[PDB]
> 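Have a look at this one.
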Amino acid sequence: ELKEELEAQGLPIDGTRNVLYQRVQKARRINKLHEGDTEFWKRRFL
Amino acid sequence: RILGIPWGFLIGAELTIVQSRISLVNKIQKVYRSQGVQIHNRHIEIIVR
DNA sequence: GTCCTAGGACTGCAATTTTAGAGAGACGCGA
DNA sequence: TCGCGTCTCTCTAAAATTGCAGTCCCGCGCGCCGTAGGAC
RNA sequence: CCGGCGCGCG
């Protein structure tokens, strides 16, 4: 499930084989409202 | 959920506090009346307020 | 002889102590 | 040639105890005992 | 004229 690691970076190339491994191992280098309507509420109160 | 802008909070707080004061005085008065103690409601209402 | 002398009881509350929830990188097995 | 649950941690969200902090009537009277330790 | 311990009174 190592392809899930790609979402943590910008996905540079990758895809075929060993590119994902080299990139995952080299990525460590960089590290309606009614508001205000008193009349409606007065009607609802009754 | 029924009332929004402060009528939700104002009326809710008013209803809760009004009910609390009635029961708080009643419970204290009932305890003292059971022992024959006679205290005016004014003194308890000062504390409950 | 002594003369300087160096283990209650209740409540309140933040602080561990887990329990749990998800979860992923590298992977041994596998399609 | 990769794909698949998944081995081995892994880091934190969410209760679950848990070790302090705080407090626990008022006002009077009397007595005793401190003030210790050590090289002279 | 300082504090502890003990015993009391209302």
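Note on naming: letters A, B, ... go to the chains in the order of the sequence lines (proteins, then strands), and numbering restarts at 1 for each one. No hydrogens, no waters, no symmetry mates; every other heavy atom, side chains included, goes into these values.
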> When you look at CZ of B/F9, are more than 12 heavy atoms from neighbouring residues, nucleotides or ligands closer to it than 6.0 Å?
no
> Could you list every donor-acceptor pair linking chain A to chain B (distance under 3.5 Å, backbone and side chains)?
from: A/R44; atom 1: NH1; to: B/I2; atom 2: O; distance (Å): 3.2

> Kindly work out whether a path of hydrophobic side-chain contacts (I/L/V/M/F/W/Y, heavy atoms less than 4.5 Å apart) joins B/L10 to A/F45.
yes
> When clusters are formed by joining ILVMFWY residues with side-chain heavy atoms under 4.5 Å apart, either directly or through shared neighbours, do B/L24 and B/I17 land in the same one?
no
> Indicate if B/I44 and B/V31 have the same hydrophobic cluster label, given that clusters are the connected sets of ILVMFWY residues with side-chain heavy-atom separations under 4.5 angstrom.
no
> Treating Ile, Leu, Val, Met, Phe, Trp and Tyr as nodes and any side-chain heavy-atom pair under 4.5 angstrom as an edge, say whether B/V37 and B/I28 lie in one connected cluster.
yes
> Would you tabulate the side-chain donor-acceptor contacts of residues 4-23 of chain A under 3.5 Å, counting partners in other chains and residues two or more places apart, or write 'none'?
from: A/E5; atom 1: OE1; to: A/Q9; atom 2: NE2; distance (Å): 2.9
from: A/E5; atom 1: OE2; to: A/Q9; atom 2: NE2; distance (Å): 3.4
from: A/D14; atom 1: OD1; to: A/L20; atom 2: N; distance (Å): 3.1
from: A/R23; atom 1: NE; to: A/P12; atom 2: O; distance (Å): 2.7

